[PDB]
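In the form deposited in one PDB entry, a lone chain appears below as structure tokens.
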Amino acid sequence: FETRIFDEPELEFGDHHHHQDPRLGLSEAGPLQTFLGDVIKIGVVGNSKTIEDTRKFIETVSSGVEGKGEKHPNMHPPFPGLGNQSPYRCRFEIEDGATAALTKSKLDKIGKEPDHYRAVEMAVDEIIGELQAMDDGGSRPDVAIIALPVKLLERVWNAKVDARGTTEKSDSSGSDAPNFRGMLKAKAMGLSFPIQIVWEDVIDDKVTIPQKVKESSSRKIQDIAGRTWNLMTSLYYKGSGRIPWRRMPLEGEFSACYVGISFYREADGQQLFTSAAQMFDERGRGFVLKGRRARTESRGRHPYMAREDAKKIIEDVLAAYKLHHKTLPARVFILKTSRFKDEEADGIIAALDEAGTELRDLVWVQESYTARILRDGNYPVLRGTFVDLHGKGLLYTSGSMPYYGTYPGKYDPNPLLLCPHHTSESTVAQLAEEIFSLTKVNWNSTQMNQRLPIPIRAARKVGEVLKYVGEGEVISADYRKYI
């Protein structure tokens, strides 16, 4: 057949700079041009030791670390100072009073109970009360680094890996275990704090992680310069309200809505399939819009929005887009990682029909499907692998990298499905291009690898956070509360 391998898209950095890796682009130009506040207060919550070495972490990278390794200088550039050349043009300032201690008795009392749910529940609740006591006044703690001691780390990790939780194909939330990260982000949704959760291995690799935690998580952290690259970027993302880099569309800019229809489960009542928009426009804002109970085919599995549910979902997505900008979406891109039912597709079409110059773009994605293609190697570019299989357009977007010199994976790449609906007025090539333009825009990392685009990748994060938000509570459409 015809084999198509697309190139890397262009990410905008600073003021009119071309595309590199997210680290190298964020070293010569910095974040986007908007005159916001240059001060982010990074009030750390933990015990005395974690607050002390978090302050030592902030002090020791204000000059600059020069960690490196292996042979490729493109994969591991160093992380220089945070206060002299700094691309953010920002002060990473820590103030007294915001550094609130957790003593030692409370850490023992939350690390000694053998219940997996209850321990992470009190660990969430005590620090949520601490952040609430921070919110009353004194300063403006824009972010809050959540530093976890070794006992707390082991407790909240073994509450997850030893709870024997199960996974599901269409459940876009995770593996049913009590998640410290999702619970903290859910209970901090009413808070004004975009919080960041770290470990002390990120701070100092002098204390050993226990063997059970090492084996049950396959933990192998990077070097010193490689660990602060994905942390300070997440710190500037959360405490400013500005996205650091900007993606650039190709097939006409106009307006765009790459709404990632996914169906998470919320662990409040019936473990509903109440779904989420996870809308990402042409620039990258994560408009999260949960909806009502999506219908299921059988026994609460294989979800799909009903016709009325689909038009209500699309109507609130269009309402969010028209609230943020004074222009209706000229193109709506449904991205389901599952098959398209006829009722759901008809509802989405009927909702899109009341839109001028509309462009329905429906794509089927399915995980764990076995058909290996392009049986070659690294030399023939293997990242953007895609073959037109007479209709369906199977694609794996992870593999060998140009401009690297080596294959960063430790296993073989795995493909997904790319099958356009019959109502879609676009070929599989241009939808493949739009899938391979949703690239390098994850704000959880600075990598240039990808196996899930951000309406599909961000589905896991949205379902992680919205699992623990109860009924009748207003949720936030700002993406800073998720990753």
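Note that residue numbering follows the sequence shown and begins at 1. Basically, rigid core = biggest C-alpha set you can superpose within 1.5 Å across the two forms.
Same protein, other form: the form deposited in another entry, not shown, and the subject of what follows.
S.K.: Which residue in 273, 333, 280, 237 stands out, with a C-alpha shift of 2 Å or more between the shown form and the other one when both forms are set on the rigid core?
M.R.: So the only displaced C-alpha belongs to 273.
S.K.: Is residue 258 one of the residues whose Cα moves 2 Å or more between the shown form and the other one, with the core superposed?
M.R.: Comparing the forms between the shown form and the other one, which are aligned on their rigid core, residue 258 does not shift its C-alpha by 2 Å or more.
S.K.: After the core is matched up, is the C-alpha of residue 391 off by 2 Å or more between the shown form and the other one?
M.R.: Shift of 2 Å or more: no.
S.K.: Superposing on the rigid core, I want to see if residue 154 changes position between the shown form and the other one - specifically a Cα shift of 2 Å or more.
M.R.: Yes, because once the rigid core is superposed, the C-alpha of residue 154 moves 2 Å or more between the shown form and the other one.
S.K.: Explain in one word, closer or farther, how the Cα atoms of residue 335 and residue 299 are placed in that other deposited form relative to this form, where the distance changes by 3 Å or more.
M.R.: The answer is closer, because the C-alphas of residue 335 and residue 299 approach each other in that other deposited form by 3 Å or more.
S.K.: Having a change of 3 Å or more in the C-alpha distance between residue 266 and residue 279, I'd like to know whether it is closer or farther in that other deposited form than in the form here.
M.R.: Residue 266 and residue 279 sit farther apart in that other deposited form.
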